[PDB]
Amino acid sequence: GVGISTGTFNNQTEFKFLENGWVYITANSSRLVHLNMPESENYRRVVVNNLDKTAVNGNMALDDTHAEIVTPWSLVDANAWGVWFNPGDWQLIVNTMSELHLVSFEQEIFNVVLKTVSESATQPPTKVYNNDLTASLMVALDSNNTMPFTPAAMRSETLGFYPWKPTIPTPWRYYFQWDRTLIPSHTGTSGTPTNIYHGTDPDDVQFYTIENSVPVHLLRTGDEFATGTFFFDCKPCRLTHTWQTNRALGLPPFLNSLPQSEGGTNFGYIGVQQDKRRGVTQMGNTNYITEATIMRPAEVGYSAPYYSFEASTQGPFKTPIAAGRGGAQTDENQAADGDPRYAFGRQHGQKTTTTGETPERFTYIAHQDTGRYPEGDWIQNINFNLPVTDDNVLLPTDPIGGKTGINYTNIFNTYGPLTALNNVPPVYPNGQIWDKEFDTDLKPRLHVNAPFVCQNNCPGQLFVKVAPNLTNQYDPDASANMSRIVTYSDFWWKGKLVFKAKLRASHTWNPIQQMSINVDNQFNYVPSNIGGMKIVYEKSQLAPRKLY
Amino acid sequence: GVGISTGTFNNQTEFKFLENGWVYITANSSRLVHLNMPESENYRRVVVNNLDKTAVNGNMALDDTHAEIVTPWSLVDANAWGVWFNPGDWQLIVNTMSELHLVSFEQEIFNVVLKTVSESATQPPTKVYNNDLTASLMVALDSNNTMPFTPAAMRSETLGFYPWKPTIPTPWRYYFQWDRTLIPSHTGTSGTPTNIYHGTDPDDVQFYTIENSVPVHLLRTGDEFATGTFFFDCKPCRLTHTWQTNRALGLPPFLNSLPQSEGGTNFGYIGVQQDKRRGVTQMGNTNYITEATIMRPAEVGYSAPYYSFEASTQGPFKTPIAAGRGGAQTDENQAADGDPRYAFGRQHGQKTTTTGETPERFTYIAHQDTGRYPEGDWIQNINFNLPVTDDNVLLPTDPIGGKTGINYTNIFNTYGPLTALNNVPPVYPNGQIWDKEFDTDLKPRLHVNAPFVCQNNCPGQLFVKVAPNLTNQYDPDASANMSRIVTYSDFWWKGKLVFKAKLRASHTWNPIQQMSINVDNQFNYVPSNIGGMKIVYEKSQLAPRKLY
Amino acid sequence: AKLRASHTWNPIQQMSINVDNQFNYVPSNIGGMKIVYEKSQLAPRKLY
Amino acid sequence: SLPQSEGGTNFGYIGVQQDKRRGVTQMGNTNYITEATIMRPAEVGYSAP
Amino acid sequence: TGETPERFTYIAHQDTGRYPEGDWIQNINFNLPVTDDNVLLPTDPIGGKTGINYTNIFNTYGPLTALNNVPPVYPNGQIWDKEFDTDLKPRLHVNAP
Amino acid sequence: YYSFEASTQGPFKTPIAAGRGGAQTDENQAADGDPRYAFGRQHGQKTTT
Amino acid sequence: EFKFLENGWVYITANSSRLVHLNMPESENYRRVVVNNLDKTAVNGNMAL
Amino acid sequence: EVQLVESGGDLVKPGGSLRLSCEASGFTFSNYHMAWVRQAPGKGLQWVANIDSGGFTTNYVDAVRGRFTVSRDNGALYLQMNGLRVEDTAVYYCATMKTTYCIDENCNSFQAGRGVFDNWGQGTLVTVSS
Amino acid sequence: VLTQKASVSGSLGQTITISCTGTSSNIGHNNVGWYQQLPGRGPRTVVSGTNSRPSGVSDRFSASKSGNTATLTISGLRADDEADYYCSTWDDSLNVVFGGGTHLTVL
């Protein structure tokens, strides 16, 4: 019926404490989604080109050239932390939980409303909105994951984080195949390097369509759609950070002489000369046993080529790295490769009363200390004569290939059988929750964007489209675009995301770091006088844990 | 209810593999059909005349004169391959299937929406569309096949092939009886040949009306109509072509001398002189046994008078032929009588962004090699003296009746008790699927337009008509046309067509021809940047099979 | 093996006999045979 | 901004300047979000000596 | 005639490879456009050898690496191979699927 | 081999899980990867040294 | 042979049959042979051979 | 249709300064590299300067190097002229430098390039004298 | 400066050719553009490489490039072709280099 509501708005986070210290967390999110009709009812194949930018020698890092199928449909993506948890709930979770499991996910659409804009021809323009009770909203649910997976948080296009603000969906578009060549150059590179877009190789063409691969439900003003509960199987996400590096693994050396009076200069002394110490070292030609040369069980962290660009059929891409930098915690402005930087708009955290289109930005300096500090590690000759000379060492200050600004660490990879690393920490509120595992026979060990990875499947993507509202002059034989009555839709989206977490237990004398309100961040969690809201980034691994 | 949808859009093709290598194919097609009100509510009897064109001597092949009952109803015809299968599904079917059975067919209408255009009297013209919740759409289903069968694919008027494009139905009109005489003439024929339209002979008058012969359902915005499942009984359609002609039937001659070295000039030689060979020939007066005179089991193919025009009560018609031409596969522009040529519009394959009204055309050169090559076969005297002389042979270069451009093959028919031929191959996307068997006591062996022929009955035709929306000034005693409120309807049509196919099995060392994407046809299966789509013709019998 | 199912509008690449490779699958007049290399992953699939 | 007429030179344009775009990148010291610098889930392929 | 073996290189249809002339390295500062001192292009020599560039000694295999199994080769390709006896075993074999 | 990597706690030697080739000829010719153990009179050293 | 099973799976059976010809061994004894091509690698720069 | 309109041409004294403008409409001005090209009375075309699509780099000819400057604001182009001399009297035009060239008729594949100007403005006259 | 011929002359309807020349190190690797210059007008791009013409340009124009030389061909002269023709390209010294022009004339 038109006058009977088909659902209830619900945005309450529930905690239900189970046996053995586990907590059943239910995050109900509810939004009002506004949807305009598509620009055109037809699928487009658009080749986006920015050769003007890359035509300038040395700008190869600014390539946006690609090919995309632009579709008339719109994607309703809720794969972002902010959509589910308000700052207080996240504070509770990070301060008192230790591990997080993704349990279930369900979503539904109700109170579908379709309206048409009749723009009067009156000399002073005016427009009246009318309820078209017969219009239909097409809802498609890719339950079988037939369509390409296109997470929205990567582009900051998920639903809004404010329950009391209407949100808009994102027009769905998926990459089409293409070939590209961008020979790197630098300021001073003579001529124009080879920069060509070869087009689409026929063997790799895929042209998906929702109308052909997904059943489509037509919802009038009195209808509702529910996706049913989806159950995850993702690995647990740890809410604790590791501080121990190789230098802090195992039994420390025995201090034969200990300080006698408190002070900043009263250090402990091992006493025994370095060459006469007792231990085990992987270096078989030196008797010097040191805190640096001692044998650790394995390697915590791996050095990777940083700011290295790799070319493939589609052009250049930046090599990802799964660890943060060392010493970047001192200042966010001193961040470097590996620290994820998020840019977001007024829907996703930026002060809602800000003027201008400049996105709000922040670099997330993770609390885990498993990264690398390239200025430190060096290489020296096998003879290990000490002190080393210029001919027997390769310091980070040394050039490679004659380039004064590029040193050896830029092309150094220490990933090996002994490498150990942690999963990506959650980022609030702009961070993604789950991601799909790759279809490759051999699959990546971890993803750099989401902490939870679907082993089998992720929930089907939800697509919404205002059904065509034809005028009486329609003619399919006309090459011109279809004439449509201006129409839009407002519908309420309600989702339930269920987590399971473990409550932390104190295991040390000293307290641990905790998220708290303070005089500096006070006014970042309350509205301004003109209704301005914001959601600042919050750290998710404040509690430490021992690695070995 | 107004606000409750009565159906679901579904356009997914399903394959369900059964026992013993059979596949259950389900083609769900769904379209949005737009329907204007009829030009007039009354049945018209219109005599269409083009005597101006045929008044020119020698233009007898351009006769369109006829008589038709034009009805207010509109036909929703889905008898075309493109309506059901996208190019990928057809590729799968042709490459991996071998035979196809038509199993079942169902169709229904839902989400009926009726709107009225109120054209304002404002000095700058404007028009507002309103939902007339009480308007009714008349749907008639000729379940008993009372009405004349009027397939639409013959005129390229079936529903569209794009799920994401609204389609229009075709106004229904059926032939009325008439008599006509067109004495053939040629450029230079003195005077005006007898060209007269005698009118309708009373004994052969039939004036059908849907309101009198078919129950009519009135559907308001909250109603839906389903035709129920219809089950076919058509013969199977083979998805394999035959290459063997008479010259390649049976046991080849024994080659007494075989080539010794590979090369383009190292042929095998039979060795034995022609007159001394051993075999059987139907010619009882020649000892010459040859690869041409040897007795084959029967005749594959039949020569028929090509471009022969036969006159009947209604005038001249072109004699149909059920086989393609020989050697036309070299170039489509060299096609001739027997190759079906399809012309279609922007709904049925033509580039949807093309300007102009010129239809897109193609001639379907079937892969089966059972045709005839008229320039080849000849006739010679019974004596069979060799080499033949002019008086004892009738070559294709010889005139008949003194006409230098007409030879004997034009009036030659070799159809006989030994004739064998194949059924018409499917044509994608513009080809018809099924056709009705004739009511004649003796029925044709095959149809030249559809591969499947209804032995008992075909699904009832579906007719749609916007019910009259009378204004308050109506007066049945006025000779003028009824006044109606401008109205149109949009309703979703969903059909399910069920086939059963057999999967092919390899029976030779070499591979067979297959349909594949390639750099030439690449961009014929993906949209352009301005949304342009097209559906090119595809061949349906790429795999060969042995005849004998 | 598993039989493939169409999941796109456009067709996919397929191995087929053609006028260029015709005589690579039939014996010569002196009995000569050959078996040329053939590609085994002509159909595309989505990774993410 | 999407193309209006079919042709080999009618490309689509993102419109927004590179430095003012919205997204996530693993490079924490550049505001330039590009089709090359954007963060992908993982690495398909590996360079080897 | 002759003992010369018939040869062919199998160019697999999978597009998960790398194009060494493309990918490059640049300084962390990421000042644009890059200068000579802040980039290491594939045209740059390593150790003074004009024909050997940095991609020759570059390994990007890491925890995020993903790759596909070797495609079958017909008719000369191997079908199956034995897994190694090592305690830690290779992820895939380059000769048999 | 003999590569030193720095982290929050300073430099550490990169471990390697394999021995050297040809080092079996002479123990004095060992190099990176061969574990070297130093022990006292409790753990093997001549107890009267 | 192809035998189509339930749920779209196919049971493929490849029967191969050959006639194998076998000469007697050159010698009944096991040999330990050191194959050397130092002539090729004696040329500087041919280490890849 | 693409529209480029120049302005600012006027009589000026030698050794002074001036600002010429080139307004653009009907196309994505920010997606195209731009160029200033001058022609003296009855003389051939002479390249004055050029600027990229983001202002990262600008190039000049030796005659105006160190004297003039070019800038853009996503809506128009500006040429700042300093140290004007008598020979500078000429008519100046603003043209879009074709940064992409398709290599096939339907132009499915395209390549980067330089040295071809696609669209031109109207042009403005600058006279420097007493 | 690229080399050009000062002027040419021909009768109406004649197919004619004009040439621009320069060092292959600059005119070779870089593209070449041809522009028309009528009295009282700014340069109009007539040929933009790859024998492709801008919209609204008569199809008579054609162009080709070979090493040091670039050739522009007109398929049938018309009275409106009396005008200056200008070649331009990029130069590996990071310059934009034009020719001296050629005043096409009609007898």
# chains A, B, ... in the order shown; residues from 1 in each chain; ligands from 1
>>> residues_around(residues="residue 7 (chain G)", least_positions_apart="3", cutoff="12 Å", atoms="only C-alpha atoms", output="PyMOL selection string")
(chain B and resi 15-19+21+23-24) or (chain C and resi 1-4) or (chain G and resi 4+10-11)
>>> write_last_selection(atoms="N, CA and C atoms", output="PDB file, in the first residue's frame")
ATOM      1  N   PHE B  15      21.853 -22.026 -18.318  1.00  0.00           N
ATOM      2  CA  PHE B  15      22.167 -23.339 -18.864  1.00  0.00           C
ATOM      3  C   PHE B  15      22.132 -24.350 -17.729  1.00  0.00           C
ATOM      4  N   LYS B  16      21.334 -25.401 -17.890  1.00  0.00           N
ATOM      5  CA  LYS B  16      21.249 -26.478 -16.913  1.00  0.00           C
ATOM      6  C   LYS B  16      21.558 -27.785 -17.621  1.00  0.00           C
ATOM      7  N   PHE B  17      22.682 -28.397 -17.284  1.00  0.00           N
ATOM      8  CA  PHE B  17      23.135 -29.580 -17.997  1.00  0.00           C
ATOM      9  C   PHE B  17      22.445 -30.816 -17.440  1.00  0.00           C
ATOM     10  N   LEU B  18      21.770 -31.548 -18.317  1.00  0.00           N
ATOM     11  CA  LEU B  18      21.007 -32.732 -17.960  1.00  0.00           C
ATOM     12  C   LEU B  18      21.846 -33.980 -18.200  1.00  0.00           C
ATOM     13  N   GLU B  19      21.203 -35.134 -18.052  1.00  0.00           N
ATOM     14  CA  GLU B  19      21.872 -36.399 -18.296  1.00  0.00           C
ATOM     15  C   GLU B  19      22.074 -36.616 -19.792  1.00  0.00           C
ATOM     16  N   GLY B  21      24.335 -35.697 -21.894  1.00  0.00           N
ATOM     17  CA  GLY B  21      24.892 -34.664 -22.742  1.00  0.00           C
ATOM     18  C   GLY B  21      23.911 -33.640 -23.263  1.00  0.00           C
ATOM     19  N   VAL B  23      21.443 -30.238 -22.792  1.00  0.00           N
ATOM     20  CA  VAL B  23      21.461 -28.980 -22.063  1.00  0.00           C
ATOM     21  C   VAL B  23      20.087 -28.336 -22.160  1.00  0.00           C
ATOM     22  N   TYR B  24      19.602 -27.859 -21.022  1.00  0.00           N
ATOM     23  CA  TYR B  24      18.324 -27.182 -20.862  1.00  0.00           C
ATOM     24  C   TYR B  24      18.608 -25.685 -20.833  1.00  0.00           C
TER      25      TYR B  24
ATOM     26  N   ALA C   1      36.500 -31.759 -15.976  1.00  0.00           N
ATOM     27  CA  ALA C   1      36.484 -30.353 -16.354  1.00  0.00           C
ATOM     28  C   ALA C   1      35.115 -29.749 -16.088  1.00  0.00           C
ATOM     29  N   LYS C   2      35.065 -28.423 -16.059  1.00  0.00           N
ATOM     30  CA  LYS C   2      33.823 -27.684 -15.896  1.00  0.00           C
ATOM     31  C   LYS C   2      33.516 -26.951 -17.192  1.00  0.00           C
ATOM     32  N   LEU C   3      32.258 -26.984 -17.616  1.00  0.00           N
ATOM     33  CA  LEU C   3      31.869 -26.282 -18.830  1.00  0.00           C
ATOM     34  C   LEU C   3      31.706 -24.794 -18.551  1.00  0.00           C
ATOM     35  N   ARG C   4      32.200 -23.968 -19.467  1.00  0.00           N
ATOM     36  CA  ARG C   4      32.142 -22.529 -19.268  1.00  0.00           C
ATOM     37  C   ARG C   4      30.725 -22.012 -19.491  1.00  0.00           C
TER      38      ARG C   4
ATOM     39  N   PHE G   4      29.106 -36.506 -19.648  1.00  0.00           N
ATOM     40  CA  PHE G   4      28.653 -35.322 -18.937  1.00  0.00           C
ATOM     41  C   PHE G   4      27.946 -35.729 -17.652  1.00  0.00           C
ATOM     42  N   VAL G  10      32.216 -32.463 -16.609  1.00  0.00           N
ATOM     43  CA  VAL G  10      32.458 -33.415 -17.681  1.00  0.00           C
ATOM     44  C   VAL G  10      33.595 -34.338 -17.272  1.00  0.00           C
ATOM     45  N   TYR G  11      33.389 -35.628 -17.498  1.00  0.00           N
ATOM     46  CA  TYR G  11      34.331 -36.699 -17.216  1.00  0.00           C
ATOM     47  C   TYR G  11      35.020 -37.051 -18.528  1.00  0.00           C
TER      48      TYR G  11
END
>>> residues_around(residues="residue 87 (chain I)", least_positions_apart="4", cutoff="12 Å", atoms="only C-alpha atoms", output="PyMOL selection string")
(chain H and resi 44-46+115-117) or (chain I and resi 1-5+18-22+27+31-37+43-49+63+65+69-72+96-102)
>>> write_last_selection(atoms="N, CA and C atoms", output="CSV table (one decimal), in the first residue's frame")
chain,number,residue,atom,x,y,z
H,44,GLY,N,56.9,36.5,-40.9
H,44,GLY,CA,56.4,35.2,-40.7
H,44,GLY,C,56.0,35.0,-39.2
H,45,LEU,N,55.4,33.9,-39.0
H,45,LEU,CA,55.0,33.5,-37.6
H,45,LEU,C,56.2,33.3,-36.7
H,46,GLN,N,56.2,33.8,-35.5
H,46,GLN,CA,57.3,33.6,-34.6
H,46,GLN,C,56.8,33.2,-33.3
H,115,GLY,N,54.1,20.2,-31.6
H,115,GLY,CA,54.4,21.0,-32.8
H,115,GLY,C,53.3,21.3,-33.7
H,116,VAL,N,52.0,20.9,-33.3
H,116,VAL,CA,50.9,21.2,-34.2
H,116,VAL,C,49.8,21.9,-33.3
H,117,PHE,N,49.3,23.0,-33.9
H,117,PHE,CA,48.3,23.9,-33.2
H,117,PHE,C,47.0,23.6,-33.8
I,1,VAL,N,64.6,27.9,-37.9
I,1,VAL,CA,63.7,28.3,-39.0
I,1,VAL,C,63.6,27.2,-40.0
I,2,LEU,N,62.5,26.6,-40.3
I,2,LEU,CA,62.3,25.6,-41.4
I,2,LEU,C,62.4,26.3,-42.7
I,3,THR,N,62.9,25.6,-43.7
I,3,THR,CA,62.9,26.1,-45.1
I,3,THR,C,61.6,26.0,-45.8
I,4,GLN,N,61.2,27.0,-46.5
I,4,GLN,CA,60.0,27.0,-47.3
I,4,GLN,C,60.3,27.8,-48.6
I,5,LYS,N,59.4,27.6,-49.6
I,5,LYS,CA,59.5,28.3,-50.8
I,5,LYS,C,58.6,29.6,-50.7
I,18,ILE,N,53.4,21.7,-52.3
I,18,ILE,CA,54.3,22.7,-51.6
I,18,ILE,C,55.1,21.9,-50.6
I,19,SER,N,56.3,22.5,-50.2
I,19,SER,CA,57.2,21.7,-49.4
I,19,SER,C,57.8,22.6,-48.3
I,20,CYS,N,58.0,22.0,-47.2
I,20,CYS,CA,58.7,22.6,-46.0
I,20,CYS,C,59.9,21.6,-45.7
I,21,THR,N,61.0,22.2,-45.2
I,21,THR,CA,62.2,21.4,-45.0
I,21,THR,C,62.9,21.9,-43.8
I,22,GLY,N,63.6,20.9,-43.2
I,22,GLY,CA,64.4,21.2,-42.0
I,22,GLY,C,65.2,20.0,-41.6
I,27,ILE,N,62.6,18.0,-37.7
I,27,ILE,CA,61.4,17.8,-38.5
I,27,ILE,C,61.1,16.3,-38.6
I,31,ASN,N,56.1,15.9,-35.1
I,31,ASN,CA,55.0,16.0,-36.0
I,31,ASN,C,55.1,17.4,-36.7
I,32,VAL,N,54.4,17.5,-37.9
I,32,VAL,CA,54.4,18.7,-38.7
I,32,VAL,C,52.9,19.1,-38.9
I,33,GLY,N,52.7,20.4,-38.8
I,33,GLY,CA,51.4,21.0,-39.0
I,33,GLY,C,51.4,22.0,-40.1
I,34,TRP,N,50.3,22.1,-40.9
I,34,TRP,CA,50.2,23.0,-42.0
I,34,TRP,C,49.0,23.9,-41.7
I,35,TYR,N,49.2,25.2,-41.8
I,35,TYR,CA,48.1,26.2,-41.5
I,35,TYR,C,48.0,27.1,-42.7
I,36,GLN,N,46.7,27.5,-43.0
I,36,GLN,CA,46.4,28.5,-44.0
I,36,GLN,C,46.3,29.9,-43.4
I,37,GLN,N,46.6,30.9,-44.1
I,37,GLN,CA,46.6,32.3,-43.7
I,37,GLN,C,46.0,33.2,-44.8
I,43,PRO,N,46.0,32.5,-38.5
I,43,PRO,CA,46.3,31.2,-39.1
I,43,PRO,C,45.2,30.1,-38.8
I,44,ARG,N,44.8,29.4,-39.8
I,44,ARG,CA,43.8,28.3,-39.7
I,44,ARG,C,44.5,27.0,-39.9
I,45,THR,N,44.4,26.0,-39.0
I,45,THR,CA,45.0,24.7,-39.2
I,45,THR,C,44.3,24.0,-40.3
I,46,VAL,N,45.0,23.6,-41.3
I,46,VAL,CA,44.5,22.9,-42.4
I,46,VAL,C,44.9,21.4,-42.4
I,47,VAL,N,46.1,21.1,-41.9
I,47,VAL,CA,46.6,19.7,-41.8
I,47,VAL,C,47.3,19.6,-40.4
I,48,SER,N,46.8,18.5,-39.7
I,48,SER,CA,47.3,18.3,-38.3
I,48,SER,C,48.0,16.9,-38.2
I,49,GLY,N,48.7,16.5,-39.2
I,49,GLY,CA,49.4,15.2,-39.1
I,49,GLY,C,48.5,14.0,-39.5
I,63,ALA,N,48.7,15.8,-46.7
I,63,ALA,CA,50.1,16.0,-46.2
I,63,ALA,C,50.8,14.7,-46.0
I,65,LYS,N,55.1,13.2,-44.8
I,65,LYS,CA,56.4,13.6,-44.2
I,65,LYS,C,57.4,12.5,-44.5
I,69,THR,N,61.9,16.5,-45.1
I,69,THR,CA,60.9,17.2,-45.9
I,69,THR,C,59.5,16.8,-45.5
I,70,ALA,N,58.6,17.8,-45.6
I,70,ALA,CA,57.2,17.6,-45.5
I,70,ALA,C,56.5,18.2,-46.6
I,71,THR,N,55.5,17.5,-47.2
I,71,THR,CA,54.9,17.9,-48.4
I,71,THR,C,53.4,18.1,-48.2
I,72,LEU,N,52.8,19.2,-48.7
I,72,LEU,CA,51.4,19.5,-48.6
I,72,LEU,C,50.8,19.6,-50.0
I,96,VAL,N,59.4,25.6,-30.6
I,96,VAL,CA,58.4,25.5,-31.6
I,96,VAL,C,59.0,26.3,-32.8
I,97,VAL,N,59.2,25.6,-33.9
I,97,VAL,CA,59.8,26.1,-35.1
I,97,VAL,C,58.9,26.2,-36.3
I,98,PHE,N,58.8,27.3,-36.9
I,98,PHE,CA,58.0,27.6,-38.1
I,98,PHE,C,58.8,27.7,-39.3
I,99,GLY,N,58.2,27.6,-40.5
I,99,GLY,CA,58.9,27.9,-41.7
I,99,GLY,C,58.7,29.3,-42.1
I,100,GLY,N,59.3,29.7,-43.2
I,100,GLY,CA,59.1,31.0,-43.7
I,100,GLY,C,57.8,31.3,-44.4
I,101,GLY,N,57.0,30.3,-44.7
I,101,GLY,CA,55.8,30.5,-45.4
I,101,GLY,C,55.9,30.3,-46.9
I,102,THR,N,54.7,30.3,-47.5
I,102,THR,CA,54.7,30.2,-49.0
I,102,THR,C,53.4,30.8,-49.5
>>> residues_around(residues="region 53-58 of chain E", least_positions_apart="6", cutoff="7 Å", atoms="only C-alpha atoms", output="PyMOL selection string")
(chain A and resi 411) or (chain D and resi 47-49) or (chain E and resi 20+42-46)
>>> closest_residue(among="E:76, E:16, E:26, E:86", to="residue 35 (chain C)", atoms="only C-alpha atoms")
E:76
>>> select_by_dssp(residues="region 32-83 of chain I", states="strand (DSSP E or B)", output="PyMOL selection string")
chain I and resi 32-37+44-47+61-66+69-74+83
>>> write_last_selection(atoms="N, CA and C atoms", output="CSV table (one decimal), in the first residue's frame")
chain,number,residue,atom,x,y,z
I,32,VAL,N,54.4,17.5,-37.9
I,32,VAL,CA,54.4,18.7,-38.7
I,32,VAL,C,52.9,19.1,-38.9
I,33,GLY,N,52.7,20.4,-38.8
I,33,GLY,CA,51.4,21.0,-39.0
I,33,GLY,C,51.4,22.0,-40.1
I,34,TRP,N,50.3,22.1,-40.9
I,34,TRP,CA,50.2,23.0,-42.0
I,34,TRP,C,49.0,23.9,-41.7
I,35,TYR,N,49.2,25.2,-41.8
I,35,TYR,CA,48.1,26.2,-41.5
I,35,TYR,C,48.0,27.1,-42.7
I,36,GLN,N,46.7,27.5,-43.0
I,36,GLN,CA,46.4,28.5,-44.0
I,36,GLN,C,46.3,29.9,-43.4
I,37,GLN,N,46.6,30.9,-44.1
I,37,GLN,CA,46.6,32.3,-43.7
I,37,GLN,C,46.0,33.2,-44.8
I,44,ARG,N,44.8,29.4,-39.8
I,44,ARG,CA,43.8,28.3,-39.7
I,44,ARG,C,44.5,27.0,-39.9
I,45,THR,N,44.4,26.0,-39.0
I,45,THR,CA,45.0,24.7,-39.2
I,45,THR,C,44.3,24.0,-40.3
I,46,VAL,N,45.0,23.6,-41.3
I,46,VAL,CA,44.5,22.9,-42.4
I,46,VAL,C,44.9,21.4,-42.4
I,47,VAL,N,46.1,21.1,-41.9
I,47,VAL,CA,46.6,19.7,-41.8
I,47,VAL,C,47.3,19.6,-40.4
I,61,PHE,N,43.0,19.2,-49.0
I,61,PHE,CA,44.3,19.3,-48.4
I,61,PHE,C,44.8,17.8,-48.1
I,62,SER,N,46.0,17.6,-48.3
I,62,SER,CA,46.7,16.4,-47.8
I,62,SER,C,48.1,16.6,-47.5
I,63,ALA,N,48.7,15.8,-46.7
I,63,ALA,CA,50.1,16.0,-46.2
I,63,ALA,C,50.8,14.7,-46.0
I,64,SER,N,52.1,14.8,-46.2
I,64,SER,CA,53.0,13.6,-45.9
I,64,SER,C,54.3,14.1,-45.4
I,65,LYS,N,55.1,13.2,-44.8
I,65,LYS,CA,56.4,13.6,-44.2
I,65,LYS,C,57.4,12.5,-44.5
I,66,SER,N,58.6,12.9,-44.8
I,66,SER,CA,59.7,12.0,-45.1
I,66,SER,C,61.0,12.7,-44.7
I,69,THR,N,61.9,16.5,-45.1
I,69,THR,CA,60.9,17.2,-45.9
I,69,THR,C,59.5,16.8,-45.5
I,70,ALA,N,58.6,17.8,-45.6
I,70,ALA,CA,57.2,17.6,-45.5
I,70,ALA,C,56.5,18.2,-46.6
I,71,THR,N,55.5,17.5,-47.2
I,71,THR,CA,54.9,17.9,-48.4
I,71,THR,C,53.4,18.1,-48.2
I,72,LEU,N,52.8,19.2,-48.7
I,72,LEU,CA,51.4,19.5,-48.6
I,72,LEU,C,50.8,19.6,-50.0
I,73,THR,N,49.8,18.8,-50.3
I,73,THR,CA,49.2,18.7,-51.6
I,73,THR,C,47.8,19.2,-51.6
I,74,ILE,N,47.5,20.0,-52.6
I,74,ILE,CA,46.1,20.5,-52.8
I,74,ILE,C,45.6,19.9,-54.0
I,83,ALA,N,46.7,32.5,-50.7
I,83,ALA,CA,47.0,32.7,-49.3
I,83,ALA,C,48.3,32.2,-48.9
>>> closest_residue(among="G:12, G:29, G:3, G:22", to="chain B", atoms="only C-alpha atoms")
G:3
>>> interface_residues(of="chain I", to="chain D", cutoff="12 Å", atoms="only C-alpha atoms", output="ChimeraX atom specification")
/I:52,54-55
>>> interface_residues(of="chain E", to="chain A", cutoff="10 Å", atoms="only C-alpha atoms", output="ChimeraX atom specification")
/E:13-49,53-55,57-70,88,91-92
>>> decode(residues="region 37-41 of chain I", atoms="N, CA, C and O atoms", output="short mmCIF file (atom, residue, chain, number, x, y, z; two decimals), in the first residue's frame")
data_model
loop_
_atom_site.label_atom_id
_atom_site.label_comp_id
_atom_site.auth_asym_id
_atom_site.auth_seq_id
_atom_site.Cartn_x
_atom_site.Cartn_y
_atom_site.Cartn_z
N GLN I 37 46.61 30.93 -44.12
CA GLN I 37 46.59 32.31 -43.66
C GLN I 37 46.04 33.17 -44.79
O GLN I 37 46.76 33.51 -45.74
N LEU I 38 44.76 33.49 -44.70
CA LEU I 38 44.13 34.42 -45.62
C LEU I 38 44.31 35.85 -45.11
O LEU I 38 44.59 36.07 -43.93
N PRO I 39 44.16 36.84 -45.99
CA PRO I 39 44.20 38.23 -45.53
C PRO I 39 43.13 38.49 -44.48
O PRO I 39 42.02 37.96 -44.56
N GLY I 40 43.47 39.32 -43.50
CA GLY I 40 42.52 39.68 -42.47
C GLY I 40 42.04 38.53 -41.63
O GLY I 40 40.87 38.52 -41.22
N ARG I 41 42.90 37.55 -41.35
CA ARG I 41 42.53 36.41 -40.52
C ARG I 41 43.78 35.86 -39.85
O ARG I 41 44.91 36.05 -40.31
#
